[PDB]
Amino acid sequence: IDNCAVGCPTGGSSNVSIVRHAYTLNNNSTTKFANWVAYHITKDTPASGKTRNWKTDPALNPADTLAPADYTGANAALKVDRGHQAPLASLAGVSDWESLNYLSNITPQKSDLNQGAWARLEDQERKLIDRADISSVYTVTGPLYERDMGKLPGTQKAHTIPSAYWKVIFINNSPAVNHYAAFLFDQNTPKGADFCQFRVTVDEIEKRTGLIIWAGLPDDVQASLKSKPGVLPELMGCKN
């Protein structure tokens, strides 16, 4: 199962990644959240109406990830939601869809971001697959840890709440020949914010995460395309 197409990211804290049909993920046993999550949307992956039964990822050591009990009181204290990294509705059609609700694929994401600009991007990201000429959407998403966001009140486990979230997207085959995009949202993004205003370069993300995305691309392609914002957002309703 290849959920990256042009090479999954290198630089993750964990040397081994979890590969599922729903996604491929690299966990961080120190922060308790995934360094990055790569997924592949196709015409047969989206599905609506699925339920959200939060569960501890059975593939990880319970001490290196969070359990449902750890989120107790989180919303009232920090105004955060249990935010999905790999989106439920866009991939709930896969055989192991339940893993989309494993806490390894979740982080304490501010409600205004989760239900705001982040959800609208997910909506447009999913809509791309409806286009006749678009057969695949390959996405890599993950958090940033640049400032103290406080701690979950219901757990004694050492963890680090993200300060921002990014998403790198490309359609069909490879960014070497296809449209791509990259976004970066701060945890405190306003509820009504236009997701189009947060377009960035892949290079910026790599520099703020320590990862190398699209790690299988030839050197020249990486050097010339990663520092240039893509035009994929224009197909998602964005301008300029």
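Residue positions are given as counts along the sequence shown, with the first one as 1.
- A summary of the deposited B-factors shows that, of 30-38 and 59-67, the stretch with the larger mean C-alpha value is 59-67.
- With 148-156 and 113-121 compared on mean CA B-factor from the PDB entry, the stretch scoring higher is 148-156.
- Each of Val200, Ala47, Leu211, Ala215 has a CA temperature factor in the record; the biggest one is found at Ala47.
- When the Cα B-factors of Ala164, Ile169, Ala132, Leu100 are read from the PDB record, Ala132 comes out highest.
- In this PDB entry, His179 carries a Cα temperature factor that places it within the lowest third of its chain's modelled residues.
- In this PDB entry, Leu235 carries a Cα temperature factor that places it within the middle third of its chain's modelled residues.
- Among all modelled residues in its chain, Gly73 ranks in the highest third by Cα B-factor.
- Sort the chain's modelled residues by C-alpha temperature factor and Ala193 lands in the highest third, per the entry.
- For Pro108, the recorded CA temperature factor ranks within the lowest third of the chain's modelled residues.
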